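Contents: one structure, followed by commentary.
Quick note: numbers below take in every heavy atom, side chains included, and nothing from hydrogens, waters or symmetry partners. Counting convention: from 1, in listed order, for ligands and their atoms alike. Chain naming here is simple, since letters A, B, ... match the order of the sequence lines and numbering starts at 1 in each.
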Number of protein chains: 2
Amino acid sequence: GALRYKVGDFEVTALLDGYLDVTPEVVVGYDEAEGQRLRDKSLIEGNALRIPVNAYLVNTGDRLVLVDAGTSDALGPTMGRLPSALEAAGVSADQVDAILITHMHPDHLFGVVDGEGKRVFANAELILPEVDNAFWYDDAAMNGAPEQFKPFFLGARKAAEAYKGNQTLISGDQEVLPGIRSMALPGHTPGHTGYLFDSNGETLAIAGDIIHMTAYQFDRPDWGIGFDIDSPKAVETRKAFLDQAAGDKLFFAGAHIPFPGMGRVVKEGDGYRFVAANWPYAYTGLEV
Amino acid sequence: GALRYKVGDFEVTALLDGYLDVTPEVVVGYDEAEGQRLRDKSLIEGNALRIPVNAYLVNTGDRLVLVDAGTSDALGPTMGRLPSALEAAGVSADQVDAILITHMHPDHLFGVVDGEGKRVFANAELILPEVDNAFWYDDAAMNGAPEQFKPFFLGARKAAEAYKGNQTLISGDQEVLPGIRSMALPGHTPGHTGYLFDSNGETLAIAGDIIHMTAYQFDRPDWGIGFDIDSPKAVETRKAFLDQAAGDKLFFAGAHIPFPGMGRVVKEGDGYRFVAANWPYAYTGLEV
Ligand SMILES: [Zn+2]
Ligand SMILES: [Zn+2]
Ligand SMILES: [Zn+2]
Ligand SMILES: [Zn+2]
């Protein structure tokens, strides 16, 4: 679960932290006739979709930066593969210089701490969108939260705090590191943020949880998922993101797009068709 | 360039030998207005398509069988990756017991011998389709071939002769090993052959060069490629194959389908749409 691409002078390695299965009862706006038509289009039997959890290592030439860090053990044994995906890519955890968090959900942030609350990445700066940090640290929010979801707030704080004195809070429109700009993508969480990478005239947008179920939400970008804090907002941000991406032919990556999670969209009627990136033939089998 | 799937009790590993680039002049039946439409559909700029060269390792339980063997060094440094893909899959060349050849073209057969013309797979039986063997050994066919193509005949013969005494010729509808049957797929070469894997009510058809350019030939299965020895017969075989594959939702693999080259088709009009296999998340990620 490690695949390496070139973006100008940057190397981007897709990393598979694992997978989870979701059924229609988490889908906002779901209808069964339409759900079945969409599953039949992808030759999917039954109503479970298997969704990857992806993170991306970017070697900018002078820093090694992770976008998201998977789950650790928080959601069971089907996740937390990120540390061994890193080994596959020839990288140890102690070489990571910075971790850019799209949002502070379990499957993006919890992989930054181990079982003891020890840092997985000893030498990394933890970079958090400050709008998301504020939410997860708000008690009004945490106490108004369905009891089964309170562990998310608590777990998010514990993960962030293992990086006390090595955190940078960022806004949704700022240069973060050379050739990395944040991009506000609010809705899924309040401070959900994508990261735009640019090197030598080439671009990759790492767009976090802009989409969860690619079997449904390219065709029906109006469908949400119950884990969206603000589902109508998330819908507006996805439609805006995909409209832009389609018109610019922007290469993007998504945490829950079938691994490696990278490609482009064509606009089609009132939805989109994803065109997956080709396998990196030359990079792996020539260039280096 | 090694990905592992399960078909019943068989483990099937896709192996990437490398890639090559093709432009419209090799396409039989090509039309520029349609070519550009199909390239726009896949967001391809320019008119070059990069196609993989795939081979497949099948562990049957007690035996390691390759379907095809890549190119070696015979078409330049963009191919010949197979020995290193095998290494990445934790297998060395001396462990391979049998090589089932779909057809004796360079990108399938010549990977069985190194630059000095000695066996790459010291312990393997070379299994050749009898009908294709007959064609490549035909002096009349070799002598009536364009000058640039005569070395394909001579190189086929040398690669086969490296395995003299450890060769088995097979017919186009026979059992090769338990759960593995040959199936004639004539046209691309006279004895071009696919292999059908059947284990515990799961099937995989490894269909060789049934298709070359997936950006065109699923939409336009009536288009051929100049390397088809009889392009009309190749078209007929391809249409019959894809027609059956679509009606039974057969999982199949192709040597030139974007790596890992495995998936299914749905019929749309008198063309087809390819649905690529999911990444093998569970098999390679939930381990004992
Ligand atoms: Zn999320
Ligand atoms: Zn997520
Ligand atoms: Zn061929
Ligand atoms: Zn071929």
**Q.** Results of side chain to side chain donor-acceptor pair (under 3.5 Å) for A:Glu147 - residues two or more places apart only
**A.** none
Q: Show all protein N/O/S atoms under 2.8 Å from the Zn ion (ligand 4), or state that there are none.
A: B:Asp107 OD2, B:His108 NE2, B:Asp209 OD2, B:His256 NE2
(Q) For B:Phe135 and B:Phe153, I'd like to know if the aromatic rings sit close, meaning centre-to-centre distance below 6.0 Å. (A) yes
Q) Residues two or more places apart in sequence or in another chain: which of them pass ring-ring contact (aromatic ring centres under 6.0 Å, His included) with B:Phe251? A) none
Q. Would you call the rings of B:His105 and B:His108 parallel, tilted or perpendicular, where under 30° means parallel and over 60° means perpendicular?
A. tilted
Q: Identify whether the distance between the nearest side-chain nitrogen and carboxylate oxygen of B:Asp139 and B:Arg157 falls below 4.0 Å.
A: yes
Q: Applying side chain to side chain donor-acceptor pair (under 3.5 Å), name anything that partners B:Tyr30, two or more places apart in sequence or on another chain.
A: B:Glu32, B:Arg39
